[PDB]
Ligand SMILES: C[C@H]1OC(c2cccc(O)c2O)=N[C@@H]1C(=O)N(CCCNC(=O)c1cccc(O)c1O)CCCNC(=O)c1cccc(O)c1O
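Form deposited without the named molecule, single chain, as structure tokens, below.
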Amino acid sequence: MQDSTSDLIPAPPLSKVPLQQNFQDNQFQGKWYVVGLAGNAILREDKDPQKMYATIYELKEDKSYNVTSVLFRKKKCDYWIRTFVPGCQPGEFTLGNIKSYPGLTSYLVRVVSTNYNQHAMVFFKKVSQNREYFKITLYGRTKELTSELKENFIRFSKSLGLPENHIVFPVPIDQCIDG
């Protein structure tokens, strides 16, 4: 080292960090296909790639979401649920009961921009008693998306988020409706 190196990129603006308008819970609740995964505390290893899964957002008549994440087995798909609830208004939600929770310190969720006919992007941020990690995902609320969406998800995140940490889309297809 000790020579010209790669520190060219300037401070990345929020341009990769927009937020959904006043979209409503009562119609937003649905089932997306997990299509990319990036965060500072996320483990993307070439040796051990992450299989993609699915998650369904189901609102309840009490400004709250019960979210079902679907996973793949060798020939079965199973369900597990986490809850999400809007903070004070639409656009901001939290997970669990971090106010009442012991080792959960601060869980805030804010989807960036959805395109429910193609794709949507999530900004997930949370802390445990003393751990700080955040994750951003892109998934497909439709049966199919675009083949450009692969390069486009990398190039958009790359231009704004460069290769800072574990920010990639190690998510193949393998939709569980085909199994």
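Residues carry their position along the shown sequence, with the first being 1.
The following text describes the form deposited with the named molecule bound, which does not appear among the structures shown.
In the deposited complex, none of the heavy atoms of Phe93 sits within 4.5 Å of a heavy atom of the named molecule. At the 4.5 Å threshold, heavy atoms of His119 stay clear of the named molecule in the deposited complex, well away from it. Although the partner is absent here, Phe124 sits close enough that one of its heavy atoms falls within 4.5 Å of the named molecule in the deposited complex. At least one heavy atom of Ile42 is located within 4.5 Å of the named molecule in the deposited complex. Proximity to the named molecule in the deposited complex, taken as a non-hydrogen atom within 4.5 angstroms, holds for one residue of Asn152, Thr146, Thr142, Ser69, which is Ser69.
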